[PDB]
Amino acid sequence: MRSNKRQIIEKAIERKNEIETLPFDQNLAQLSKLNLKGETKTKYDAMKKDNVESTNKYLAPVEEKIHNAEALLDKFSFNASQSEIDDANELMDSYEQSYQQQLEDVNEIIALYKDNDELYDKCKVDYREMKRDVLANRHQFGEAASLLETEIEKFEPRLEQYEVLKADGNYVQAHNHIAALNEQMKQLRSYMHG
């Protein structure tokens, strides 16, 4: 009966040895292909630390749970042995989950770099169009025109500011900055019907 309980244990050993090969680092190396500084580097550093905390909390203890399972089985402590394997699998479930959480955490960052640039491209174009609408239809706005020419000029430094924040790897401030800019350009454009 032990010989066929040993299969449960062997399946656990196969599972440990394969989850030791989850590409945590290949995942995180994707962040290096962006600007590895600022908030980006902070998140990269924090995730390396988590992997040490995860490795020691969830992976190191497994080996012993499996050794206890073998010893207990051998003495015919069948349920006790099964418990140690259940525990081992629970621990590996967490390690696996901590990987999944990092595919997701990094995907989020990739998505923000992409979406940050989408907004920036939109703001460049809108700026250009608004600046031209004023310079070519000055008369058509009446007296509210000089306030507009200077207010639209105030978007130009705010574009350059985005380039700086992005270049420093501050993807979060970059996003909040460019979203706010888009919002305000938007409301200024509604107003510009009249």
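Don't overthink the numbering: it's just position in the shown sequence, from 1.
Between 61 to 69 and 145 to 153, the higher mean Cα B-factor belongs to 145 to 153. Note on 22 to 30 vs 132 to 140: mean CA B-factor is higher in 132 to 140. Among the modelled residues of its chain, residue 177 has a C-alpha B-factor that falls in the lowest third according to the deposited record. Per-chain ranking of the deposited C-alpha B factor places residue 36 in the highest third.
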